[PDB]
Structures are given as structure tokens and as C-alpha cells.
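Asker: This is structure30.pdb (PDB, C-alpha atoms).
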ATOM      1  CA  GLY V   1     -38.554 -25.516 -13.302  1.00  0.00           C
ATOM      2  CA  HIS V   2     -39.882 -21.977 -12.443  1.00  0.00           C
ATOM      3  CA  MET V   3     -37.284 -19.140 -12.121  1.00  0.00           C
ATOM      4  CA  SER V   4     -38.051 -15.546 -11.084  1.00  0.00           C
ATOM      5  CA  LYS V   5     -35.773 -12.514 -10.522  1.00  0.00           C
ATOM      6  CA  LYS V   6     -35.571 -13.112  -6.728  1.00  0.00           C
ATOM      7  CA  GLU V   7     -33.682 -16.319  -7.642  1.00  0.00           C
ATOM      8  CA  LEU V   8     -31.202 -14.117  -9.578  1.00  0.00           C
ATOM      9  CA  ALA V   9     -31.018 -11.422  -6.861  1.00  0.00           C
ATOM     10  CA  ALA V  10     -30.420 -14.119  -4.171  1.00  0.00           C
ATOM     11  CA  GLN V  11     -27.545 -15.646  -6.090  1.00  0.00           C
ATOM     12  CA  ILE V  12     -25.470 -12.525  -6.432  1.00  0.00           C
ATOM     13  CA  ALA V  13     -25.992 -11.788  -2.789  1.00  0.00           C
ATOM     14  CA  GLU V  14     -24.848 -15.322  -1.976  1.00  0.00           C
ATOM     15  CA  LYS V  15     -21.587 -15.110  -4.039  1.00  0.00           C
ATOM     16  CA  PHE V  16     -20.473 -11.493  -3.532  1.00  0.00           C
ATOM     17  CA  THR V  17     -20.989 -12.373   0.140  1.00  0.00           C
ATOM     18  CA  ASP V  18     -19.518  -9.410   1.906  1.00  0.00           C
ATOM     19  CA  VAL V  19     -20.743  -6.575  -0.231  1.00  0.00           C
ATOM     20  CA  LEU V  20     -24.231  -7.636  -1.488  1.00  0.00           C
ATOM     21  CA  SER V  21     -26.897  -8.733   1.046  1.00  0.00           C
ATOM     22  CA  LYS V  22     -30.116 -10.256  -0.297  1.00  0.00           C
ATOM     23  CA  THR V  23     -32.140  -7.285   1.088  1.00  0.00           C
ATOM     24  CA  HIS V  24     -30.151  -4.740  -0.981  1.00  0.00           C
ATOM     25  CA  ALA V  25     -29.284  -6.987  -4.000  1.00  0.00           C
ATOM     26  CA  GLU V  26     -33.052  -7.070  -4.823  1.00  0.00           C
ATOM     27  CA  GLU V  27     -32.857  -3.347  -5.777  1.00  0.00           C
ATOM     28  CA  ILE V  28     -29.456  -3.886  -7.548  1.00  0.00           C
ATOM     29  CA  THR V  29     -31.137  -6.495  -9.765  1.00  0.00           C
ATOM     30  CA  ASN V  30     -34.127  -4.097 -10.280  1.00  0.00           C
ATOM     31  CA  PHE V  31     -31.956  -1.553 -12.032  1.00  0.00           C
ATOM     32  CA  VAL V  32     -30.781  -4.267 -14.456  1.00  0.00           C
ATOM     33  CA  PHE V  33     -34.245  -4.712 -15.907  1.00  0.00           C
ATOM     34  CA  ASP V  34     -35.316  -1.067 -15.489  1.00  0.00           C
ATOM     35  CA  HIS V  35     -32.537   0.389 -17.602  1.00  0.00           C
ATOM     36  CA  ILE V  36     -32.778  -1.998 -20.504  1.00  0.00           C
ATOM     37  CA  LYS V  37     -36.317  -0.696 -20.773  1.00  0.00           C
ATOM     38  CA  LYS V  38     -35.412   3.045 -20.504  1.00  0.00           C
ATOM     39  CA  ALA V  39     -32.882   2.418 -23.328  1.00  0.00           C
ATOM     40  CA  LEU V  40     -35.201   0.493 -25.577  1.00  0.00           C
ATOM     41  CA  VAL V  41     -37.796   3.362 -25.511  1.00  0.00           C
ATOM     42  CA  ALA V  42     -34.879   5.828 -26.145  1.00  0.00           C
ATOM     43  CA  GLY V  43     -33.995   4.293 -29.589  1.00  0.00           C
ATOM     44  CA  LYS V  44     -31.194   1.901 -28.691  1.00  0.00           C
ATOM     45  CA  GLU V  45     -29.860  -1.633 -29.305  1.00  0.00           C
ATOM     46  CA  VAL V  46     -29.023  -3.135 -25.927  1.00  0.00           C
ATOM     47  CA  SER V  47     -25.917  -5.441 -26.505  1.00  0.00           C
ATOM     48  CA  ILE V  48     -24.873  -7.855 -23.712  1.00  0.00           C
ATOM     49  CA  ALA V  49     -21.474  -9.144 -24.865  1.00  0.00           C
ATOM     50  CA  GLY V  50     -21.469 -12.903 -25.315  1.00  0.00           C
ATOM     51  CA  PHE V  51     -25.162 -13.264 -24.378  1.00  0.00           C
ATOM     52  CA  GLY V  52     -26.854 -11.502 -27.336  1.00  0.00           C
ATOM     53  CA  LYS V  53     -28.466  -8.152 -28.186  1.00  0.00           C
ATOM     54  CA  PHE V  54     -32.067  -6.922 -27.682  1.00  0.00           C
ATOM     55  CA  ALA V  55     -33.490  -4.429 -30.234  1.00  0.00           C
ATOM     56  CA  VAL V  56     -36.938  -3.193 -31.125  1.00  0.00           C
ATOM     57  CA  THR V  57     -39.276  -4.374 -33.939  1.00  0.00           C
ATOM     58  CA  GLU V  58     -42.595  -2.757 -35.136  1.00  0.00           C
ATOM     59  CA  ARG V  59     -45.754  -4.640 -36.252  1.00  0.00           C
ATOM     60  CA  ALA V  60     -47.858  -3.102 -39.032  1.00  0.00           C
ATOM     61  CA  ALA V  61     -51.508  -1.950 -38.376  1.00  0.00           C
ATOM     62  CA  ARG V  62     -54.177  -3.869 -40.340  1.00  0.00           C
ATOM     63  CA  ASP V  63     -57.553  -2.693 -41.533  1.00  0.00           C
ATOM     64  CA  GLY V  64     -60.149  -4.228 -43.831  1.00  0.00           C
ATOM     65  CA  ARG V  65     -62.418  -7.316 -43.976  1.00  0.00           C
ATOM     66  CA  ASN V  66     -60.497 -10.460 -43.027  1.00  0.00           C
ATOM     67  CA  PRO V  67     -61.169 -12.663 -46.079  1.00  0.00           C
ATOM     68  CA  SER V  68     -61.291 -16.038 -44.257  1.00  0.00           C
ATOM     69  CA  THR V  69     -64.096 -15.167 -41.771  1.00  0.00           C
ATOM     70  CA  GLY V  70     -65.574 -11.868 -43.149  1.00  0.00           C
ATOM     71  CA  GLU V  71     -64.946 -10.040 -39.888  1.00  0.00           C
ATOM     72  CA  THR V  72     -63.878  -6.444 -40.217  1.00  0.00           C
ATOM     73  CA  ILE V  73     -60.617  -5.423 -38.602  1.00  0.00           C
ATOM     74  CA  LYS V  74     -59.174  -2.291 -37.069  1.00  0.00           C
ATOM     75  CA  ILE V  75     -55.951  -3.632 -35.543  1.00  0.00           C
ATOM     76  CA  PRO V  76     -53.366  -0.855 -34.920  1.00  0.00           C
ATOM     77  CA  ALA V  77     -49.589  -0.867 -35.121  1.00  0.00           C
ATOM     78  CA  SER V  78     -47.319  -1.492 -32.085  1.00  0.00           C
ATOM     79  CA  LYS V  79     -43.609  -1.763 -31.192  1.00  0.00           C
ATOM     80  CA  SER V  80     -42.083  -4.631 -29.064  1.00  0.00           C
ATOM     81  CA  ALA V  81     -38.573  -5.763 -28.067  1.00  0.00           C
ATOM     82  CA  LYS V  82     -37.005  -8.850 -29.625  1.00  0.00           C
ATOM     83  CA  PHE V  83     -33.752 -10.674 -29.133  1.00  0.00           C
ATOM     84  CA  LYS V  84     -30.808 -12.304 -31.062  1.00  0.00           C
ATOM     85  CA  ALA V  85     -28.884 -14.982 -29.036  1.00  0.00           C
ATOM     86  CA  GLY V  86     -25.026 -14.934 -28.689  1.00  0.00           C
ATOM     87  CA  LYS V  87     -22.318 -17.524 -27.937  1.00  0.00           C
ATOM     88  CA  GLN V  88     -23.117 -17.870 -24.148  1.00  0.00           C
ATOM     89  CA  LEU V  89     -26.473 -19.114 -25.299  1.00  0.00           C
ATOM     90  CA  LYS V  90     -24.984 -21.030 -28.288  1.00  0.00           C
ATOM     91  CA  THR V  91     -21.548 -22.654 -27.949  1.00  0.00           C
ATOM     92  CA  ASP V  92     -21.077 -22.039 -24.196  1.00  0.00           C
ATOM     93  CA  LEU V  93     -24.507 -23.577 -23.454  1.00  0.00           C
ATOM     94  CA  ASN V  94     -24.242 -26.390 -26.078  1.00  0.00           C
ATOM     95  CA  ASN V  95     -21.938 -29.301 -25.165  1.00  0.00           C
TER      96      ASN V  95
ATOM     97  CA  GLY J   1     -28.547   3.983 -31.124  1.00  0.00           C
ATOM     98  CA  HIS J   2     -26.399   1.559 -28.960  1.00  0.00           C
ATOM     99  CA  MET J   3     -25.986   0.391 -25.448  1.00  0.00           C
ATOM    100  CA  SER J   4     -23.431  -1.867 -23.718  1.00  0.00           C
ATOM    101  CA  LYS J   5     -23.013  -3.726 -20.475  1.00  0.00           C
ATOM    102  CA  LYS J   6     -20.566  -1.060 -19.434  1.00  0.00           C
ATOM    103  CA  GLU J   7     -23.403   1.470 -19.012  1.00  0.00           C
ATOM    104  CA  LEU J   8     -25.344  -1.156 -17.012  1.00  0.00           C
ATOM    105  CA  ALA J   9     -22.185  -1.180 -14.836  1.00  0.00           C
ATOM    106  CA  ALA J  10     -22.097   2.649 -14.377  1.00  0.00           C
ATOM    107  CA  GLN J  11     -25.847   2.681 -13.581  1.00  0.00           C
ATOM    108  CA  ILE J  12     -25.874   0.900 -10.100  1.00  0.00           C
ATOM    109  CA  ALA J  13     -22.486   2.536  -9.276  1.00  0.00           C
ATOM    110  CA  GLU J  14     -24.349   5.838  -9.315  1.00  0.00           C
ATOM    111  CA  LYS J  15     -26.774   4.674  -6.678  1.00  0.00           C
ATOM    112  CA  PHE J  16     -24.496   2.945  -4.095  1.00  0.00           C
ATOM    113  CA  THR J  17     -21.379   4.996  -4.657  1.00  0.00           C
ATOM    114  CA  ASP J  18     -19.354   3.764  -1.578  1.00  0.00           C
ATOM    115  CA  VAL J  19     -19.872   0.024  -1.921  1.00  0.00           C
ATOM    116  CA  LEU J  20     -20.190  -0.353  -5.722  1.00  0.00           C
ATOM    117  CA  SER J  21     -17.730   1.097  -8.313  1.00  0.00           C
ATOM    118  CA  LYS J  22     -18.289   0.930 -12.131  1.00  0.00           C
ATOM    119  CA  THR J  23     -15.617  -1.752 -12.708  1.00  0.00           C
ATOM    120  CA  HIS J  24     -16.671  -3.858  -9.621  1.00  0.00           C
ATOM    121  CA  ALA J  25     -20.305  -3.401 -10.662  1.00  0.00           C
ATOM    122  CA  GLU J  26     -19.475  -4.838 -14.166  1.00  0.00           C
ATOM    123  CA  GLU J  27     -18.928  -8.288 -12.505  1.00  0.00           C
ATOM    124  CA  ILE J  28     -22.145  -7.944 -10.390  1.00  0.00           C
ATOM    125  CA  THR J  29     -23.995  -7.020 -13.627  1.00  0.00           C
ATOM    126  CA  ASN J  30     -22.330  -9.965 -15.503  1.00  0.00           C
ATOM    127  CA  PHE J  31     -23.238 -12.504 -12.895  1.00  0.00           C
ATOM    128  CA  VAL J  32     -26.972 -11.869 -13.281  1.00  0.00           C
ATOM    129  CA  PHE J  33     -26.725 -12.805 -16.981  1.00  0.00           C
ATOM    130  CA  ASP J  34     -24.348 -15.687 -16.001  1.00  0.00           C
ATOM    131  CA  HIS J  35     -27.065 -17.132 -13.697  1.00  0.00           C
ATOM    132  CA  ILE J  36     -29.755 -16.920 -16.472  1.00  0.00           C
ATOM    133  CA  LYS J  37     -27.312 -18.570 -18.918  1.00  0.00           C
ATOM    134  CA  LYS J  38     -26.792 -21.313 -16.298  1.00  0.00           C
ATOM    135  CA  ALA J  39     -30.550 -21.861 -15.974  1.00  0.00           C
ATOM    136  CA  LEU J  40     -31.254 -22.239 -19.702  1.00  0.00           C
ATOM    137  CA  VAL J  41     -28.623 -25.062 -19.675  1.00  0.00           C
ATOM    138  CA  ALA J  42     -30.834 -27.512 -17.758  1.00  0.00           C
ATOM    139  CA  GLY J  43     -33.967 -25.839 -19.207  1.00  0.00           C
ATOM    140  CA  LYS J  44     -35.515 -23.672 -16.489  1.00  0.00           C
ATOM    141  CA  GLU J  45     -38.462 -21.406 -17.367  1.00  0.00           C
ATOM    142  CA  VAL J  46     -36.749 -18.069 -16.560  1.00  0.00           C
ATOM    143  CA  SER J  47     -39.824 -15.756 -16.356  1.00  0.00           C
ATOM    144  CA  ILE J  48     -38.927 -12.226 -15.156  1.00  0.00           C
ATOM    145  CA  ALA J  49     -42.096 -10.539 -13.906  1.00  0.00           C
ATOM    146  CA  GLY J  50     -42.690  -7.569 -16.206  1.00  0.00           C
ATOM    147  CA  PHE J  51     -39.573  -8.025 -18.389  1.00  0.00           C
ATOM    148  CA  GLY J  52     -40.590 -11.271 -20.207  1.00  0.00           C
ATOM    149  CA  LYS J  53     -39.435 -14.843 -20.444  1.00  0.00           C
ATOM    150  CA  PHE J  54     -36.364 -16.992 -21.352  1.00  0.00           C
ATOM    151  CA  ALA J  55     -36.698 -20.661 -22.347  1.00  0.00           C
ATOM    152  CA  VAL J  56     -34.826 -23.255 -24.516  1.00  0.00           C
ATOM    153  CA  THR J  57     -34.902 -23.808 -28.260  1.00  0.00           C
ATOM    154  CA  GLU J  58     -33.244 -26.449 -30.513  1.00  0.00           C
ATOM    155  CA  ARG J  59     -31.288 -25.032 -33.432  1.00  0.00           C
ATOM    156  CA  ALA J  60     -32.401 -26.427 -36.834  1.00  0.00           C
ATOM    157  CA  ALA J  61     -29.350 -27.915 -38.699  1.00  0.00           C
ATOM    158  CA  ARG J  62     -28.184 -26.367 -41.908  1.00  0.00           C
ATOM    159  CA  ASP J  63     -25.212 -27.654 -43.972  1.00  0.00           C
ATOM    160  CA  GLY J  64     -24.286 -25.297 -46.856  1.00  0.00           C
ATOM    161  CA  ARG J  65     -21.696 -22.817 -48.143  1.00  0.00           C
ATOM    162  CA  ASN J  66     -22.654 -19.127 -49.035  1.00  0.00           C
ATOM    163  CA  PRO J  67     -21.513 -18.721 -52.705  1.00  0.00           C
ATOM    164  CA  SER J  68     -21.550 -14.917 -52.356  1.00  0.00           C
ATOM    165  CA  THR J  69     -18.785 -14.735 -49.808  1.00  0.00           C
ATOM    166  CA  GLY J  70     -17.384 -18.267 -49.867  1.00  0.00           C
ATOM    167  CA  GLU J  71     -18.150 -18.999 -46.182  1.00  0.00           C
ATOM    168  CA  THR J  72     -19.303 -22.379 -44.947  1.00  0.00           C
ATOM    169  CA  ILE J  73     -22.764 -22.677 -43.373  1.00  0.00           C
ATOM    170  CA  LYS J  74     -22.306 -25.440 -40.817  1.00  0.00           C
ATOM    171  CA  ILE J  75     -25.098 -25.221 -38.200  1.00  0.00           C
ATOM    172  CA  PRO J  76     -25.399 -28.479 -36.159  1.00  0.00           C
ATOM    173  CA  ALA J  77     -28.381 -29.775 -34.256  1.00  0.00           C
ATOM    174  CA  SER J  78     -27.573 -27.646 -31.134  1.00  0.00           C
ATOM    175  CA  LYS J  79     -29.160 -26.289 -27.907  1.00  0.00           C
ATOM    176  CA  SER J  80     -29.871 -22.606 -27.774  1.00  0.00           C
ATOM    177  CA  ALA J  81     -32.492 -20.215 -26.136  1.00  0.00           C
ATOM    178  CA  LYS J  82     -34.944 -17.512 -26.936  1.00  0.00           C
ATOM    179  CA  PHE J  83     -36.899 -14.592 -25.369  1.00  0.00           C
ATOM    180  CA  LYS J  84     -40.693 -14.022 -25.381  1.00  0.00           C
ATOM    181  CA  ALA J  85     -41.447 -10.299 -24.550  1.00  0.00           C
ATOM    182  CA  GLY J  86     -43.528  -9.190 -21.517  1.00  0.00           C
ATOM    183  CA  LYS J  87     -45.462  -6.004 -20.546  1.00  0.00           C
ATOM    184  CA  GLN J  88     -42.560  -3.572 -19.984  1.00  0.00           C
ATOM    185  CA  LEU J  89     -40.944  -4.556 -23.381  1.00  0.00           C
ATOM    186  CA  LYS J  90     -44.114  -4.555 -25.510  1.00  0.00           C
ATOM    187  CA  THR J  91     -47.294  -2.916 -24.101  1.00  0.00           C
ATOM    188  CA  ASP J  92     -45.699  -0.050 -22.150  1.00  0.00           C
ATOM    189  CA  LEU J  93     -42.586   0.216 -24.395  1.00  0.00           C
ATOM    190  CA  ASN J  94     -45.325   0.867 -26.948  1.00  0.00           C
ATOM    191  CA  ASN J  95     -47.268   4.170 -26.760  1.00  0.00           C
TER     192      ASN J  95
END
Represent the supplied structure as C-alpha cells.

Answerer:
Amino acid sequence: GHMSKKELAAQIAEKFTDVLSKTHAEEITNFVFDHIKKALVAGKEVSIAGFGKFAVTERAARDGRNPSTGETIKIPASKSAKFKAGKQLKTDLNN
Amino acid sequence: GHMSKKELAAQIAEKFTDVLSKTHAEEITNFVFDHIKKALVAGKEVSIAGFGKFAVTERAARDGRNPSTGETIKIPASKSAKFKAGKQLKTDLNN
């Protein structure tokens, strides 16, 4: 199955029937995924109670001659977000 | 640094002040995450354009007891999920 955020933004318009319309609930859903991001560059662990918590990790930068292939390397460091699953995705999801 | 679902609730309530209120907007904010939890149940490839992607995983079983606290380790063979990061939460989180 494919699933994209318009599928999420449609749903909440369809169930909060008289306050969210699909045309506005697209923006409402935008600010979900925007603000996670603005938090995660600010220094923060974004906790979503029952669901899990997203925090940052850093990869080390690597330099040298790769000793399998002999190719020289100049790979820099970088940060990324990662995730730790909670009960909604454990015992609520598992039957 | 730390961030809750309560501040995701305040965020949209700032934008649409007369139709969304920070306690009301908690439930709107929760039902996004409830509809992604529902999707990873059947096994849908939840791929949020720019944010990243959500798919299944199987938990690996572990039967044991931590001697250093006295707690049982009692992981079954269970359904869970996992995130794979996309461009907003790696490449442009990263500077």
C-alpha cells in the first residue's frame, strides 16, 4: 500500500466533520511535520506520548585510504533524526 | 532539550485562533498519529514527502532476566514499526 500525508489530512477532515474541511486540514497537517523539524534543529527530543520519541544522532566524518579497495576517502560528518517506538507501535499494534 | 505533543497542540491553535483551541487541537494533533498507527497495523508504506518513511518491523524475541536490576527480559516475536529519515530530517536538518 502507498500512503502520503494527503491521506492523513483527508482523514481528519472527514472525522472532525464540521470544523476541519479537507482544503484547510492540508495546512493543519503541514504544521505537524514543520514543527517537529524546527524543534529537532533547535536541540530537542520530540516525544509523542504512546507513539515514541524522535531525537537526533550524529555520524562521524571519515578520512584515509579505505583498506578493502584502496580508494581514498574524504567523507564528512552529518546529523540526522532517528526514532524509538512506543506502545502504540508495540502492544497496541501487536495482537 | 524536550518537546511534547502539547506544544504541537498550541502550534496550530496560534494560526486558526477562532476555530481551533489548544485543548481541541490536541485531539486533531493526536488523530494524525492515530491514523499512521492504524496504517502500520496492516502494513502500509507511510511515506511522508520530505519528512521520511514509516514501515513495519518484526521484533526479535529475547527471553532473559537482567541480573543487575532483577527485571525479566521477556520480548516475544511481535509486530512493531520503524522510521527511515528523509530530506528535512537529515540533509537540511544537517548544515

Asker: Could you list, as JSON, numbers by chain, every residue matched by the ChimeraX specification (/J :<7) & /V in this structure?

Answerer: {"V": [1, 2, 3, 4, 5, 8, 12, 19, 28, 31, 32, 33, 37, 41, 43, 44, 45, 46, 47, 48, 78, 79, 80, 81, 82, 83, 85, 88, 89, 90, 93, 94]}

Asker: Cα RMSD of chain V on chain J, all Cα atoms paired in order, least-squares fit?

Answerer: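 Once chain V is fitted onto chain J, the C-alpha RMSD works out to 4.0 Å.
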
Asker: How many Å lie between atom CA of residue 10 of chain V and atom CA of residue 58 of chain J, rounded to one decimal?

Answerer: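 Computing the Euclidean distance for atom CA of residue 10 of chain V and atom CA of residue 58 of chain J yields 29.2 Å.
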
Asker: Quick one: distance from atom CA of residue 73 of chain J to atom CA of residue 57 of chain V in Å, one decimal?

Answerer: 26.4 Å

Asker: In Å to one decimal, how far is atom CA of residue 24 of chain J from atom CA of residue 22 of chain V?

Answerer: 17.6 Å

Asker: Starting from the incomplete input, reconstruct N, CA and C atoms of segment 71-86 of chain J and write that as a short mmCIF file (atom, residue, chain, number, x, y, z; two decimals), keeping the file's coordinate frame.

Answerer:
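Written file, result_14.cif:
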data_model
loop_
_atom_site.label_atom_id
_atom_site.label_comp_id
_atom_site.auth_asym_id
_atom_site.auth_seq_id
_atom_site.Cartn_x
_atom_site.Cartn_y
_atom_site.Cartn_z
N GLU J 71 -18.10 -18.49 -47.54
CA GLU J 71 -18.15 -19.00 -46.18
C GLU J 71 -19.02 -20.25 -46.14
N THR J 72 -18.51 -21.27 -45.44
CA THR J 72 -19.30 -22.38 -44.95
C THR J 72 -20.43 -22.11 -43.97
N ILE J 73 -21.63 -22.64 -44.26
CA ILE J 73 -22.76 -22.68 -43.37
C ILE J 73 -22.80 -24.06 -42.73
N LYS J 74 -22.68 -24.17 -41.42
CA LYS J 74 -22.31 -25.44 -40.82
C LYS J 74 -23.01 -25.63 -39.48
N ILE J 75 -24.27 -25.20 -39.39
CA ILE J 75 -25.10 -25.22 -38.20
C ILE J 75 -25.32 -26.67 -37.77
N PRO J 76 -24.96 -27.17 -36.58
CA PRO J 76 -25.40 -28.48 -36.16
C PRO J 76 -26.79 -28.44 -35.53
N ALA J 77 -27.25 -29.63 -35.15
CA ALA J 77 -28.38 -29.78 -34.26
C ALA J 77 -27.99 -29.48 -32.82
N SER J 78 -28.11 -28.24 -32.34
CA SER J 78 -27.57 -27.65 -31.13
C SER J 78 -28.64 -27.04 -30.24
N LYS J 79 -28.41 -27.00 -28.93
CA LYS J 79 -29.16 -26.29 -27.91
C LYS J 79 -28.75 -24.82 -27.94
N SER J 80 -29.84 -24.04 -27.98
CA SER J 80 -29.87 -22.61 -27.77
C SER J 80 -31.07 -22.19 -26.93
N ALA J 81 -31.41 -20.91 -26.79
CA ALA J 81 -32.49 -20.22 -26.14
C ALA J 81 -33.03 -19.03 -26.92
N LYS J 82 -34.15 -18.56 -26.35
CA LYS J 82 -34.94 -17.51 -26.94
C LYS J 82 -35.73 -16.68 -25.93
N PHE J 83 -36.14 -15.45 -26.25
CA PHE J 83 -36.90 -14.59 -25.37
C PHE J 83 -38.30 -14.51 -25.96
N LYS J 84 -39.32 -14.41 -25.10
CA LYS J 84 -40.69 -14.02 -25.38
C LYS J 84 -40.94 -12.75 -24.57
N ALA J 85 -41.22 -11.59 -25.16
CA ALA J 85 -41.45 -10.30 -24.55
C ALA J 85 -42.58 -10.20 -23.53
N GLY J 86 -42.45 -9.43 -22.44
CA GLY J 86 -43.53 -9.19 -21.52
C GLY J 86 -43.81 -7.69 -21.45
#
